[PDB]
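Chains as they are written, first to last, in the UniProt record's numbering: chain A, 35 to 42, 58 to 84, 97 to 102; chain B, 15 to 168; chain C, 7 to 54; chain D, 7 to 118, 128 to 195; chain E, 21 to 118; chain F, 12 to 139; chain G, 6 to 143. No residue lacks a Cβ here, since even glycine has one placed at the ideal position from N, Cα and C.
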RNA sequence: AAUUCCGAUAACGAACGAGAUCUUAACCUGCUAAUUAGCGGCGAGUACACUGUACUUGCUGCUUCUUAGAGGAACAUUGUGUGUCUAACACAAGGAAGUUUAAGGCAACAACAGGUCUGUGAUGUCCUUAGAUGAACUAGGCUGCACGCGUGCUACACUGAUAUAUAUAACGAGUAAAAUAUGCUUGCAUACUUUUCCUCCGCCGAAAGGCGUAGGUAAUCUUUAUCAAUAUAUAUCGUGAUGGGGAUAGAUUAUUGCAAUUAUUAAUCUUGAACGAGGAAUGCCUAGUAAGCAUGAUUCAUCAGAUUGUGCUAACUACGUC
């Protein structure tokens, strides 16, 4: 069951693991951090 | 990503010398920006084809459809509406019944083709049976293709 | 009488007058059992 | 000279149980830039040895129900899995794979009195165990397959109970030891 | 002339005979044009009735078409062809000025 | 914020707005999507960022949607054979109308009504 | 001058035209990179990497691919480039050099030189598959 | 592989079957051939470079590739092991090909009271024949449903769904009724047109679909240097019976037909059931197969979840034992 939320390795799973976030929110964090699967920075 | 090292000599003289998607997205974006071709308003309430069985759900798609059609016209120089309907066909889950491919909606296609034709990009003729590409469009497509190739490459 | 010029009762085997099992491919109009009796002389030979 | 995906060197190995190096057979004529070589592998019994060990891993990984024949996605998953491996731990991925096969294979088993496991069979069983472990992990489980495959390869290479393959090998080896 | 048949060997015999016949008289033929073979295939259930295993046999009627375009007076080439054919070979007119 | 209850439950709030909108009626999704675009609540956001005014606008659009650009064919509950002509009638009213139609069928009598009253499917499943 | 040859894997056919030029390579009207799957891309670049970049710099290559699906086309292209390079050196360049080149290609793989001849086993009645059967039950 | 051979041997010699024959598919003849196939030759432009590349209209040596005729090619060839060292096998090499190259087709003797007179004007006898079991017309029904058993289809999601984009397939298959005018009176009767099959294409239609036209009796037009879907790439969800799942129902406008209600079929909106990988049991399968994904054809006035073909995507595991 979900218990992940809005607010407080660059894979979506790693971000979800570290900060306890849903994977769309994990993606949102990745996009913020940076500034299907593909080559990494 | 888009750039990779190459072991042969590229030409960069045509749409045939550049990948479909980058050319298509940029041309679609440019077309909307310029405002040459309309949305049109009724087009937001309908689907691309019956294999979708859902809203198109992506906003800027009409310009993309036009952009792909225009590219297809350079690729294949004489075609009509049926070719487009067949091109944009995909699979339809019929619920319990098996899948079949199902043709794209012909009004939206017919309208795009007509708007391009009005703007001098494409041309209905008897010498070559259907729609072909025509000269203002041919020059523009070729030139825009060069402009993109240089801009992307370095 | 009230025939129809379409559907199952409209047609029948050229040789035997059975209404069932008729080959209409290539417009043969023969039922398959009858077709097996004739299949060599018509030219529809077996091979593979 | 030649390199896997342009990324992994393949000029270095450890010697394993010696048998396994002969079987897995990473060498110049078995090297190729990418997985996907569909040459005749069912010519005779031994022929599986000549089939590249990476090629074998992709073929096994592609296997299961809905995912059958979708070989390019399976290849994509292994390429990403090696890239994940390279970042997550300090070694060359090609080496990590060699370590996983060297640890991973079960060496003894029972049909009626345990008997020794042949080395070609041991390699196949290890590859199967690694992929089956990845599959068991993957289903409904949120974490992506490339990462899940990567976790099995590193854990097997390490030797751990966070690998299915080592656990299964332990189970096989114990039952055989106990029976016999 | 255009030659259509369901006998390969008969068509072949006709082909050689008109080829020899023409070449005596120096006539212009454009060398035997073999058209793609068309087969009429019928896929037939065995047994007139259902019982026993479902067993099918696949029938093939293979038709041969061959083509020669020719510049000459019609009458001699058709007369040479028509007398030399076996009736299993169906002959159709084709003619050119070069 | 999050955890809203509208006409019916809509507790969606980490969830995307459009799917949250589906959770009433318009689970067919097209109706919900066109209403969302016409209302002009934006699909991008999560449902905990809905404005109350935007929700009211959605009710306004949903109410008789012929007057926007939403097509008559696209609209549900069309001819509804009577002297009048109708529109999609939403939620418990929609259920009430469906129930009403079944009640009318039982009085009217023909085979579909009779099968329905009996408890037997419309097209047949082939119960053999 | 020019030589023309082919490659054939499954129902694909890829014609290779090897002419005097500069190192320009097209696939129908379109440049060589534009074939899509990145993994199988490397397979078609593979003969260029085995032979270095100098040998193609004297020659322009044109390719026409018809028939077969995705995997089949890639192998047919790979095969056709092989057959093309070696055949051009036998008519025009030098037989010893060609033999050396052929040795390099053969030493890597025979699949490049001569296509795999596997093709379909026909469907046979009594089941959807080629050999597979309907489920029997008692 | 084989009462296949060898070998032994009161039998020696045979014959049918089997192999063999035949049809495909597999490779080579720079020989045989060019149409409704390609390839160049060459004029001409449109586009870009830069001392060719891309793209369209007109004329016209080459045959590698498209097609299809004839003919070649493997016999276990050579080498190495095992084998009465006999028939032969095993391995390696060579080779387009090495399990008689892969697949089919064909089907001995003797049977079964197996199946079929609901395929037949093949057919015995027995029944029936104007209140017919003949011919024929109208409805109803074969599909109904406390419930039991088969074969398939569709699922149970993230190696996924949803939405855009890109790539790309093979076998094929295609021609006594319709409509306009006149006489009688929209009814009836007659003439004339050119009507039923594939639909390109142009217009109109959300979609279904429509209208207008054009070529095709077909390597020529539908249509094929491209008609599929799994491909793959980029986005959107983010594991939650969830946006999975599409059963079920409700409302529509179309389309075929004399007739669509027991919803023929079609689309459109809405409606959102079981189902968390399946007990006991039991099926199929060894290489371009299995699986997955499609699609052509057969029936067809209309109706594929069927059958039969055909491809694409290309695994696992041996390679044996009773």
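According to DSSP, residues forming a beta bridge with residue 114 of chain B: The sequence position of residue 114 of chain B within the second chain is 100, counting from 1. The partner list for residue 114 of chain B (beta bridge, DSSP) reads B:106.
Could you name each continuous beta strand (DSSP E) segment of 3 residues or more that falls completely within the stretch 34 to 72 of chain B, going from the start of the chain to the end? Inside the stretch 34 to 72 of chain B, DSSP marks no whole beta strand (DSSP E) run of 3 or more residues.
How would you list, in chain order, the residues of chain G whose beta-carbon sits under 7 Å from the beta-carbon of residue 22 of chain B? Here residue 22 of chain B corresponds to residue number 8 of the second chain, with the count starting at 1. For a Cβ distance threshold of 7 Å, residue set 28, 30, 37, 53 and 61 of chain G lies close to residue 22 of chain B, ordered along the chain.
What are the boundary residues of the beta strand (DSSP E) that residue 85 of chain E is part of? To locate residue 85 of chain E, count along the fifth chain from 1; it is residue 65. Where residue 85 of chain E is concerned, the enclosing beta strand (DSSP E) starts and stops at 76 to 87.
Tell me, please, whether the CB atom of residue 116 of chain G is closer than 8 Å to any CB atom in chain D? As a working note, residue 116 of chain G is residue 111 in the seventh chain. Flagged as an interface residue toward chain D: residue 116 of chain G, by a C-beta distance shorter than 8 Å.
Please compile the residues from chain A whose C-beta is within a distance smaller than 9 Å of the C-beta of residue 178 of chain D. Working through the fourth chain from its first residue, we reach residue 178 of chain D at position 163. Neighbours of residue 178 of chain D in chain A, taken as residues whose beta carbon is under 9 Å from its own, are absent, since the nearest beta carbon is some 18 Å off.
Along the alpha helix (DSSP H) that carries residue 63 of chain E, what are the first and last residues, could you check? Residue numbering aside, residue 63 of chain E sits at position 43 when the fifth chain is read from its first letter. Premise fails: residue 63 of chain E lies in the beta strand (DSSP E), 58 to 65, not in any alpha helix (DSSP H).
Need the endpoints of the beta strand (DSSP E) that residue 71 of chain G sits in, please. If you number the seventh chain from 1, residue 71 of chain G lands on position 66. Counted as a single uninterrupted DSSP element, the beta strand (DSSP E) harbouring residue 71 of chain G occupies residues 64 to 71.
Per-residue DSSP class, three states only, for residue 69 of chain E: Here residue 69 of chain E refers to the residue found at position 49 when the fifth chain is read from its first residue. Three-state DSSP puts residue 69 of chain E in coil, outside helix and strand.
Got a sec: does the ligand ADP put a non-hydrogen atom nearer than 7 Å to the Cβ of residue 30 of chain E? In the structure shown, the ligand ADP is absent, as is every other ligand, since no ligand is present at all.
What separation, rounded to the nearest whole angstrom, lies between the Cα atoms of residue 26 of chain C and residue 141 of chain G? As a working note, residue 26 of chain C is residue 20 in the third chain. As a working note, residue 141 of chain G is residue 136 in the seventh chain. Using only the alpha carbons, I get a separation of about 29 Å.
Would you say residue 45 of chain D lies against chain G (beta-carbon separation less than 8 Å)? As a first step, residue 45 of chain D is located in the fourth chain; it is residue number 39 there, counting from the start. With 8 Å as the cut-off, residue 45 of chain D counts as an interface residue toward chain G.
Residue from G:111, G:93, G:130 and G:139 whose Cα sits closest to the Cα of residue 10 of chain G: Here residue 10 of chain G refers to the residue found at position 5 when the seventh chain is read from its first residue. Cα-wise, what sits closest to residue 10 of chain G is G:93.
Exposed or buried, what is residue 21 of chain F when buried is set at 16 or more other beta-carbons lying within 10 Å of its beta-carbon? Within the sixth chain, numbered from 1, the residue matching residue 21 of chain F stands at position 10. That one is buried.
Who pairs with residue 145 of chain B in a beta bridge, going by DSSP? Looking up residue 145 of chain B in the second chain gives position 131. Beta-bridge partners of residue 145 of chain B (DSSP): B:93 and B:138.
Please compile the residues from chain F whose C-beta is within a distance smaller than 9 Å of the C-beta of residue 78 of chain A. By 1-based counting over the first chain, the position of residue 78 of chain A is 29. What residue 78 of chain A touches in chain F: nothing, since even the nearest Cβ is about 14 Å away.
Please say whether residue 25 of chain B and residue 36 of chain G have beta carbons closer to each other than 8 Å? Against the seventh chain, residue 36 of chain G aligns to sequence position 31. Against the second chain, residue 25 of chain B aligns to sequence position 11. In this structure, residue 25 of chain B lies closer than 8 Å to residue 36 of chain G by Cβ.
Give a yes or no on whether 8 Å exceeds the smallest Cβ distance from residue 30 of chain B to chain G. Counted from its first residue, the second chain places residue 30 of chain B at position 16. By this cut-off, residue 30 of chain B is an interface position.
Any contact between the stretch 78 to 90 of chain G and the stretch 11 to 23 of chain G? By contact I mean 3 or more CB pairs, one from each, below 8 Å. Three or more beta-carbon pairs drawn from the stretch 78 to 90 of chain G and the stretch 11 to 23 of chain G are found closer than 8 Å, and the two stretches are therefore classed as touching.
Residue interval of the alpha helix (DSSP H) (run including residue 103 of chain D): Residue mapping note: residue 103 of chain D aligns to position 97 of the fourth chain, counting from 1. Annotation: the continuous alpha helix (DSSP H) that includes residue 103 of chain D extends over 99 to 110.
Select from the stretch 61 to 74 of chain E all residues with a C-beta closer than 7 Å to any C-beta belonging to chain C, and list them in chain order. Cβ contacts with chain C: 62, 64, 65 and 68.
Of all Cβ atoms in chain B, is any one closer than 8 Å to the Cβ of residue 45 of chain F? As a first step, residue 45 of chain F is located in the sixth chain; it is residue number 34 there, counting from the start. For residue 45 of chain F, at least one C-beta of chain B is nearer than 8 Å to its own C-beta.
Note down, in chain order, every chain B residue with its Cβ under 8 Å from the Cβ of residue 41 of chain F. Here residue 41 of chain F refers to the residue found at position 30 of the sixth chain. Chain B residues near residue 41 of chain F: 68 and 69.
Who are the Cβ neighbours of residue 66 of chain D in its own chain at under 7 Å, not counting the five residues just before and after it? The residue labelled residue 66 of chain D in the question sits at position 60 within the fourth chain. A distance below 7 Å between beta-carbons, with the five flanking residues on each side excluded, links residue 66 of chain D to the following residues of its chain, in chain order: 142, 143 and 146.
Does DSSP classify residue 78 of chain G as helix, strand or coil? What you label residue 78 of chain G is simply residue 73 of the seventh chain in a count that begins at 1. Helix.
Anyone know if the C-beta pair for residue 52 of chain C and residue 106 of chain E falls short of 8 Å? Looking up residue 52 of chain C in the third chain gives position 46. Looking up residue 106 of chain E in the fifth chain gives position 86. Result no, Cβ atoms of residue 52 of chain C and residue 106 of chain E do not sit closer than 8 Å.
Here's a check: name, in chain order, each residue in its chain whose Cβ is nearer than 6 Å to the Cβ of residue 194 of chain D, leaving out the five neighbours to either side. For the purposes of this step, residue 194 of chain D is taken as the residue at position 179 of the fourth chain. Around residue 194 of chain D: 116 and 129.
Rank D:14, D:30, D:13 and D:93 by C-alpha distance to the C-alpha of residue 108 of chain D and give the top, closest one. Here residue 108 of chain D is taken as the residue at index 102 of the fourth chain, counted from 1. Looking at the Cα atoms, D:30 is the closest of the given residues.
Provide the residue span of the alpha helix (DSSP H) that contains residue 48 of chain D, from first to last. Along the fourth chain, one-based indexing puts residue 48 of chain D at 42. Note, residue 48 of chain D: premise wrong, no alpha helix (DSSP H); not H, not E.
Contact between the stretch 128 to 142 of chain B and the stretch 49 to 66 of chain B: three or more CB pairs below 8 Å? Because the criterion of three Cβ pairs below 8 Å is met, the stretch 128 to 142 of chain B and the stretch 49 to 66 of chain B touch.
If you drop the 5 nearest sequence neighbours on each side, which residues of the same chain put their C-beta closer than 6 Å to that of residue 116 of chain F? One-based indexing of the sixth chain puts residue 116 of chain F at position 105. Short of 6 Å from the beta carbon of residue 116 of chain F, and not among the five residues preceding or following it, lie these beta carbons of its own chain, in chain order: 124.
Chain B contact residues for residue 82 of chain F, given Cβ-Cβ distances below 9 Å: Numbered from 1 along the sixth chain, position 71 holds the residue referred to as residue 82 of chain F. Per Cβ cutoff of 9 Å: 56, 59 and 60.
What first and last residue would you give for the beta strand (DSSP E) that runs through residue 11 of chain G? By one-based count along the seventh chain, residue 11 of chain G stands at place 6. According to the DSSP assignment, residue 11 of chain G belongs to the beta strand (DSSP E) that extends over 7 to 12.
If the cut-off is 9 Å on Cβ atoms, which residues from the stretch 87 to 116 of chain B count as contacting chain G, listed in chain order? Cβ contacts with chain G: 89.
Looking at the C-beta of residue 39 of chain A, does it have a partner C-beta in chain F at a distance below 8 Å? Here the question's residue 39 of chain A lines up with position 5 in the first chain. Closer than 8 Å: yes.
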